[PDB]
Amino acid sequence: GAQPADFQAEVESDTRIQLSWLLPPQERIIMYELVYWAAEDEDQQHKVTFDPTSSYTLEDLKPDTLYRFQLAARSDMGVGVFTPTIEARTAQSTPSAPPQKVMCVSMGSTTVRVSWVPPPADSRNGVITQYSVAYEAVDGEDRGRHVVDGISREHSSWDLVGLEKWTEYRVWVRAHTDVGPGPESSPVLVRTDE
């Protein structure tokens, strides 16, 4: 079939982009071939073939990723040439994995230093914009969770202050993008001095 006309891409979400084009005039269209790839990894292309239609929503894409697309039409006369490339970028998401390497060390009777590294690069789904640290006493009177947020992305540690003396705490660390919070780490236990 003829090169598809008015081929366009619309971002729908962090994982979905809708492609659309014109139905070809007076052609016995049989199927379409959609070739797509991430701009950052142009050696890895994907093709999906499908029955005739004028729109296709690609799903399960990677968040915050610039994608490129080309479309070809197969008619009873065979497959034609591909469209020029078009592009669209999926939205960001929240992180899909916690901060890694979480450690806690007592720094006195009422202070604990929490340290971490960012979640793996492929699970950030956007630029990491803040961290939060949650803590909860294991024993003692206040058994509630307390959360410190707004920790800037350049921090790799944070001091929890004002804790109770000789008290054990659970500590969890969580990453955020502009979209919102990701999951928190598995808890690390730490006890204050004296």
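In case it trips you up, residue 1 is the first one in the sequence shown, and so on.
Fill in: 130 to 138 versus 151 to 159 - which carries the larger mean C-alpha B factor in the record
For C-alpha atoms only, the mean B-factor is higher in 151 to 159.
Practice prompt. Would you determine, from the values in the PDB entry, which of 103 to 111 and 82 to 90 has the greater average C-alpha temperature factor?
Written response: The recorded data point to 103 to 111.
Worksheet item: Highest Cα B-factor in the deposition, which of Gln45, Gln70, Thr167, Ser54?
Response: Comparing C-alpha B-factors across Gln45, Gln70, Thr167, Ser54, the maximum falls on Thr167.
Worksheet item: Of the three thirds of its chain by CA temperature factor, lowest, middle or highest, which one includes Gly182?
Response: CA B-factor rank for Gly182: middle third.
Item to complete: Check where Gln3 lands among this chain's C-alpha B-factors and tell me if it's the lowest, middle or highest third.
Response: It belongs to the middle third of the chain when residues are ordered by C-alpha B-factor.
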